[PDB]
Amino acid sequence: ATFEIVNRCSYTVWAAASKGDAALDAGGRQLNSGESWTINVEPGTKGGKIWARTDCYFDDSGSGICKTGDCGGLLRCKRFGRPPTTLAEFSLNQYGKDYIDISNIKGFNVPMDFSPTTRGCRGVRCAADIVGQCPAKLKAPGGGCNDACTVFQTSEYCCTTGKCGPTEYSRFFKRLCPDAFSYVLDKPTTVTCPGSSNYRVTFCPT
């Protein structure tokens, strides 16, 4: 499948694409404002994520640090990033269907639209000013709005027992972005698309 990743933000982001134990495509790249990066994702990829990283510094070897979404100091991410990270999540070609969602379970850093570029399903967006409105206890100094599990590390926020409910903190994310997952057992906002759809992730869509 092809994903076009577009940075519509006024600031540079360092896109990342991983399935947790490997890079997707090159795994990461700098996107200046307006730049588009087209990646190819192998069919059947399960548990892929795309996110943006902010305020990164990398040397010529591709090693460095970002204030949000750092994936072990690498430009080309192999692993998932450090919260807070708005996540585009996808599982492709799963019994003939693709499944996409946006998640705030690991917080929010950059607003995002995640839309098919092929026919037969709708996109999802989380484009509210979550950072601006972020509750004081969840604000990350580096930028971004952390989820409560990251901050507080309780069974309730992290849904460790597989039983958990919404929280004041999950409801904050859900109020601003109803179409994104706000906690682990949120009513799913997954979109089902035809298998082998193509997609565009747009940072700062509005």
# chains A, B, ... in the order shown; residues from 1 in each chain; ligands from 1
>>> closest_atom_pairs(of="stretch 134-164 of chain A", to="stretch 172-176 of chain A", cutoff="9 Å", atoms="only C-alpha atoms", output="JSON lines")
{"residue": "A:134", "atom": "CA", "partner": "A:172", "partner_atom": "CA", "distance": 8.0}
{"residue": "A:135", "atom": "CA", "partner": "A:172", "partner_atom": "CA", "distance": 8.1}
{"residue": "A:147", "atom": "CA", "partner": "A:173", "partner_atom": "CA", "distance": 8.5}
>>> residues_around(residues="stretch 18-22 of chain A", least_positions_apart="3", cutoff="7 Å", atoms="only C-alpha atoms", output="VMD selection string")
chain A and resid 27 47 to 50 77 to 80
>>> write_last_selection(atoms="C-alpha atoms", output="compact mmCIF listing (two decimals), in the first residue's frame")
# COMPACT_ATOMS: atom_id res chain seq x y z
CA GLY A 27 11.25 4.55 8.86
CA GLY A 47 0.10 -2.91 13.80
CA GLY A 48 1.75 -0.16 11.72
CA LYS A 49 1.93 3.36 13.03
CA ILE A 50 2.82 6.70 11.60
CA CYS A 77 12.67 4.67 13.37
CA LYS A 78 12.56 0.91 13.92
CA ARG A 79 10.61 1.13 17.15
CA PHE A 80 7.65 3.16 18.28
>>> residues_around(residues="residue A:191", least_positions_apart="4", cutoff="12 Å", atoms="only C-alpha atoms", output="CSV table (one decimal) with N, CA, C and O atoms, in the first residue's frame")
chain,number,residue,atom,x,y,z
A,88,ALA,N,-1.3,7.5,13.8
A,88,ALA,CA,-2.1,6.9,12.8
A,88,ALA,C,-1.8,5.5,12.9
A,88,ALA,O,-0.6,5.1,12.8
A,89,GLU,N,-2.8,4.6,13.0
A,89,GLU,CA,-2.6,3.2,13.2
A,89,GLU,C,-3.3,2.4,12.1
A,89,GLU,O,-4.4,2.8,11.7
A,90,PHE,N,-2.6,1.3,11.7
A,90,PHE,CA,-3.3,0.6,10.6
A,90,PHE,C,-2.8,-0.8,10.7
A,90,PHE,O,-1.7,-1.2,11.0
A,91,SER,N,-3.8,-1.6,10.2
A,91,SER,CA,-3.5,-3.0,10.0
A,91,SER,C,-4.0,-3.3,8.6
A,91,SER,O,-5.2,-3.0,8.3
A,92,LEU,N,-3.2,-3.9,7.7
A,92,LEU,CA,-3.6,-3.9,6.3
A,92,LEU,C,-3.8,-5.4,5.9
A,92,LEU,O,-3.1,-6.3,6.4
A,97,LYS,N,-9.7,-6.9,4.6
A,97,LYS,CA,-10.0,-5.5,5.0
A,97,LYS,C,-8.7,-4.8,5.5
A,97,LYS,O,-7.8,-5.5,6.1
A,98,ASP,N,-8.8,-3.5,5.4
A,98,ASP,CA,-7.8,-2.7,6.1
A,98,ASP,C,-8.5,-2.0,7.2
A,98,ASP,O,-9.7,-1.6,7.2
A,99,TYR,N,-7.7,-1.8,8.3
A,99,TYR,CA,-8.3,-1.1,9.5
A,99,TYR,C,-7.4,0.1,9.8
A,99,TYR,O,-6.2,-0.1,10.0
A,100,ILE,N,-8.1,1.2,9.9
A,100,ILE,CA,-7.3,2.4,10.3
A,100,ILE,C,-7.9,3.1,11.4
A,100,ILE,O,-9.2,3.1,11.6
A,101,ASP,N,-7.1,3.8,12.2
A,101,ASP,CA,-7.6,4.7,13.3
A,101,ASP,C,-6.6,5.7,13.6
A,101,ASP,O,-5.4,5.6,13.1
A,102,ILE,N,-7.0,6.7,14.3
A,102,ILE,CA,-6.2,7.6,15.0
A,102,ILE,C,-6.4,7.4,16.4
A,102,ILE,O,-7.5,7.1,16.9
A,114,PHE,N,-6.1,11.3,8.7
A,114,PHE,CA,-5.7,10.0,8.2
A,114,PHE,C,-6.8,9.5,7.3
A,114,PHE,O,-7.9,9.2,7.7
A,115,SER,N,-6.6,9.6,6.0
A,115,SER,CA,-7.7,9.5,5.0
A,115,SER,C,-7.2,8.5,3.9
A,115,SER,O,-6.0,8.5,3.5
A,116,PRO,N,-8.1,7.7,3.4
A,116,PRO,CA,-7.8,6.9,2.2
A,116,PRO,C,-7.7,7.8,1.0
A,116,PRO,O,-8.4,8.8,1.0
A,120,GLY,N,-14.0,4.0,-0.9
A,120,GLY,CA,-14.8,3.0,-0.2
A,120,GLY,C,-14.7,3.0,1.4
A,120,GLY,O,-15.1,2.1,2.0
A,121,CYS,N,-14.1,4.1,1.9
A,121,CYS,CA,-14.2,4.3,3.3
A,121,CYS,C,-13.9,5.8,3.6
A,121,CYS,O,-13.4,6.5,2.7
A,122,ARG,N,-14.1,6.3,4.8
A,122,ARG,CA,-14.0,7.6,5.2
A,122,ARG,C,-12.7,7.7,6.0
A,122,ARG,O,-12.1,6.7,6.3
A,123,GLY,N,-12.2,9.0,6.1
A,123,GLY,CA,-11.0,9.2,6.9
A,123,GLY,C,-11.4,9.6,8.3
A,123,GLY,O,-12.5,9.8,8.7
A,124,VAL,N,-10.3,9.8,9.1
A,124,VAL,CA,-10.5,10.2,10.5
A,124,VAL,C,-9.5,11.3,10.7
A,124,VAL,O,-8.5,11.5,10.0
A,125,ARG,N,-9.9,12.2,11.7
A,125,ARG,CA,-9.1,13.3,11.9
A,125,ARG,C,-9.1,13.6,13.4
A,125,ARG,O,-10.2,13.4,14.1
A,179,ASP,N,-13.2,11.2,17.3
A,179,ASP,CA,-13.0,10.1,16.3
A,179,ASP,C,-11.6,9.4,16.6
A,179,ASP,O,-11.3,8.6,15.8
A,180,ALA,N,-11.0,9.7,17.7
A,180,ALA,CA,-9.7,9.1,18.0
A,180,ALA,C,-9.9,8.3,19.3
A,180,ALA,O,-10.6,8.7,20.1
A,181,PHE,N,-9.2,7.2,19.4
A,181,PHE,CA,-9.2,6.5,20.6
A,181,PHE,C,-8.7,7.3,21.8
A,181,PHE,O,-7.6,7.9,21.7
A,195,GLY,N,-9.4,-3.9,1.6
A,195,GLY,CA,-8.0,-4.4,1.6
A,195,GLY,C,-7.3,-3.7,0.5
A,195,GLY,O,-7.8,-3.5,-0.6
A,197,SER,N,-6.1,-0.6,0.2
A,197,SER,CA,-6.4,0.8,0.0
A,197,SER,C,-5.0,1.5,0.1
A,197,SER,O,-4.1,1.0,0.6
>>> closest_residue(among="A:148, A:184, A:9, A:1", to="residue A:24", atoms="only C-alpha atoms")
A:1
>>> closest_residue(among="A:86, A:94, A:7, A:38", to="residue A:111", atoms="only C-alpha atoms")
A:86
>>> residues_around(residues="residue A:85", least_positions_apart="5", cutoff="6 Å", atoms="only C-alpha atoms", output="PDB file with C-alpha atoms, in the first residue's frame")
ATOM      1  CA  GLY A  69       7.949  10.877  19.463  1.00  0.00           C
ATOM      2  CA  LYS A 106      -0.179   7.736  23.738  1.00  0.00           C
ATOM      3  CA  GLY A 107      -1.040  11.400  23.909  1.00  0.00           C
ATOM      4  CA  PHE A 108      -1.119  14.052  21.279  1.00  0.00           C
ATOM      5  CA  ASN A 109       1.615  16.155  19.744  1.00  0.00           C
TER       6      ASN A 109
END
>>> atom_distance(atom1="atom CA of residue A:203", atom2="atom CA of residue A:65")
20.0 Å
>>> closest_residue(among="A:44, A:188, A:34, A:28", to="residue A:205", atoms="only C-alpha atoms")
A:34
>>> residues_around(residues="residue A:204", least_positions_apart="2", cutoff="12 Å", atoms="only C-alpha atoms", output="ChimeraX atom specification")
/A:5-13,33-34,51-52,86,109-114,125-129,201-202,206
>>> select_by_dssp(residues="stretch 33-199 of chain A", states="strand (DSSP E or B)", output="PyMOL selection string")
chain A and resi 36-40+48-58+63-68+74+87-94+97-103+108+112-116+124-126+139+145+180-181+191-194+199
>>> closest_atom_pairs(of="stretch 61-86 of chain A", to="stretch 149-157 of chain A", cutoff="12 Å", atoms="only C-alpha atoms", output="JSON lines")
{"residue": "A:82", "atom": "CA", "partner": "A:150", "partner_atom": "CA", "distance": 9.6}
{"residue": "A:83", "atom": "CA", "partner": "A:150", "partner_atom": "CA", "distance": 7.4}
{"residue": "A:84", "atom": "CA", "partner": "A:150", "partner_atom": "CA", "distance": 8.5}
{"residue": "A:85", "atom": "CA", "partner": "A:150", "partner_atom": "CA", "distance": 11.2}
>>> write_last_selection(atoms="N, CA, C and O atoms", output="PDB file, in the first residue's frame")
ATOM      1  N   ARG A  82       8.386   7.737  21.677  1.00  0.00           N
ATOM      2  CA  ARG A  82       8.081   8.155  23.014  1.00  0.00           C
ATOM      3  C   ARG A  82       6.899   9.103  22.989  1.00  0.00           C
ATOM      4  O   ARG A  82       6.860  10.066  22.229  1.00  0.00           O
ATOM      5  N   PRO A  83       5.888   8.899  23.844  1.00  0.00           N
ATOM      6  CA  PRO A  83       4.772   9.827  23.930  1.00  0.00           C
ATOM      7  C   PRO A  83       5.296  11.177  24.336  1.00  0.00           C
ATOM      8  O   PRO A  83       6.276  11.298  25.047  1.00  0.00           O
ATOM      9  N   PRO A  84       4.604  12.256  24.018  1.00  0.00           N
ATOM     10  CA  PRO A  84       3.289  12.167  23.426  1.00  0.00           C
ATOM     11  C   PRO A  84       3.360  12.120  21.919  1.00  0.00           C
ATOM     12  O   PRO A  84       4.121  12.857  21.316  1.00  0.00           O
ATOM     13  N   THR A  85       2.510  11.287  21.333  1.00  0.00           N
ATOM     14  CA  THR A  85       2.475  11.119  19.901  1.00  0.00           C
ATOM     15  C   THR A  85       1.058  10.826  19.461  1.00  0.00           C
ATOM     16  O   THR A  85       0.510   9.786  19.787  1.00  0.00           O
TER      17      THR A  85
END
>>> atom_distance(atom1="atom CA of residue A:143", atom2="atom CA of residue A:104")
14.8 Å
>>> closest_residue(among="A:144, A:165, A:159, A:3", to="residue A:40", atoms="only C-alpha atoms")
A:3
>>> atom_distance(atom1="atom CA of residue A:45", atom2="atom CA of residue A:193")
14.3 Å
>>> decode(residues="stretch 26-58 of chain A", atoms="N, CA and C atoms", output="CSV table (one decimal), in the first residue's frame")
chain,number,residue,atom,x,y,z
A,26,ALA,N,11.7,3.7,4.8
A,26,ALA,CA,12.9,4.2,5.4
A,26,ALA,C,12.7,4.4,6.9
A,27,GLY,N,11.5,4.5,7.4
A,27,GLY,CA,11.2,4.5,8.9
A,27,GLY,C,11.1,6.0,9.4
A,28,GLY,N,11.7,6.9,8.7
A,28,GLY,CA,11.6,8.3,9.1
A,28,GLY,C,12.2,9.2,8.1
A,29,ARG,N,11.8,10.5,8.2
A,29,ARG,CA,12.3,11.5,7.3
A,29,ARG,C,11.9,12.8,7.8
A,30,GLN,N,12.8,13.8,7.5
A,30,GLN,CA,12.4,15.2,7.7
A,30,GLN,C,11.4,15.6,6.7
A,31,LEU,N,10.3,16.3,7.1
A,31,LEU,CA,9.4,16.9,6.3
A,31,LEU,C,9.3,18.4,6.6
A,32,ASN,N,9.9,19.3,5.8
A,32,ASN,CA,9.6,20.7,6.0
A,32,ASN,C,8.2,21.0,5.7
A,33,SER,N,7.8,22.2,6.0
A,33,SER,CA,6.4,22.6,5.8
A,33,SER,C,6.1,22.5,4.3
A,34,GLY,N,5.0,21.7,4.0
A,34,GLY,CA,4.6,21.5,2.7
A,34,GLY,C,5.1,20.2,2.0
A,35,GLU,N,6.1,19.6,2.6
A,35,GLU,CA,6.7,18.4,1.9
A,35,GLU,C,5.9,17.2,2.1
A,36,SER,N,6.0,16.3,1.1
A,36,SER,CA,5.2,15.1,1.1
A,36,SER,C,6.2,14.0,0.9
A,37,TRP,N,6.0,12.8,1.6
A,37,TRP,CA,6.9,11.7,1.6
A,37,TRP,C,6.0,10.5,1.3
A,38,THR,N,6.3,9.8,0.2
A,38,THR,CA,5.5,8.7,-0.2
A,38,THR,C,6.3,7.4,0.3
A,39,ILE,N,5.6,6.6,1.0
A,39,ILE,CA,6.2,5.4,1.5
A,39,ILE,C,5.3,4.2,1.0
A,40,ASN,N,6.0,3.1,0.9
A,40,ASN,CA,5.3,1.8,0.5
A,40,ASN,C,5.4,0.9,1.8
A,41,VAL,N,4.2,0.4,2.1
A,41,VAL,CA,4.0,-0.4,3.2
A,41,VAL,C,3.5,-1.8,2.7
A,42,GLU,N,4.3,-2.8,3.1
A,42,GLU,CA,4.0,-4.2,2.6
A,42,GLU,C,2.6,-4.6,3.0
A,43,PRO,N,1.8,-5.2,2.0
A,43,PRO,CA,0.5,-5.8,2.3
A,43,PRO,C,0.7,-6.7,3.5
A,44,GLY,N,-0.4,-6.8,4.3
A,44,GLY,CA,-0.5,-7.6,5.4
A,44,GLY,C,0.2,-7.1,6.7
A,45,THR,N,0.7,-5.9,6.6
A,45,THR,CA,1.3,-5.2,7.7
A,45,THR,C,0.3,-5.1,8.8
A,46,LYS,N,0.6,-5.5,10.0
A,46,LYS,CA,-0.4,-5.5,11.1
A,46,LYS,C,0.3,-4.7,12.2
A,47,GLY,N,-0.4,-3.7,12.7
A,47,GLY,CA,0.1,-2.9,13.8
A,47,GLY,C,1.1,-1.8,13.4
A,48,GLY,N,0.9,-1.3,12.2
A,48,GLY,CA,1.8,-0.2,11.7
A,48,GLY,C,1.3,1.1,12.3
A,49,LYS,N,2.3,2.0,12.5
A,49,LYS,CA,1.9,3.4,13.0
A,49,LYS,C,2.8,4.4,12.3
A,50,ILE,N,2.1,5.5,12.1
A,50,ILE,CA,2.8,6.7,11.6
A,50,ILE,C,2.6,7.8,12.6
A,51,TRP,N,3.6,8.6,12.8
A,51,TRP,CA,3.5,9.7,13.7
A,51,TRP,C,4.5,10.8,13.3
A,52,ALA,N,4.4,11.9,13.9
A,52,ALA,CA,5.3,13.0,13.7
A,52,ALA,C,6.1,13.2,15.0
A,53,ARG,N,7.3,13.6,14.8
A,53,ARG,CA,8.2,14.0,15.8
A,53,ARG,C,8.5,15.5,15.6
A,54,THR,N,8.6,16.2,16.8
A,54,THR,CA,8.9,17.6,16.8
A,54,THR,C,10.2,17.9,17.4
A,55,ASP,N,10.8,19.0,16.9
A,55,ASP,CA,12.0,19.5,17.5
A,55,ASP,C,13.1,18.5,17.6
A,56,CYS,N,13.5,18.0,16.5
A,56,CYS,CA,14.5,17.0,16.4
A,56,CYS,C,15.9,17.6,16.0
A,57,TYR,N,16.9,17.0,16.5
A,57,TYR,CA,18.3,17.2,16.1
A,57,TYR,C,18.9,15.9,15.7
A,58,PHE,N,19.4,15.8,14.5
A,58,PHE,CA,20.1,14.6,14.1
A,58,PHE,C,21.5,15.0,13.5
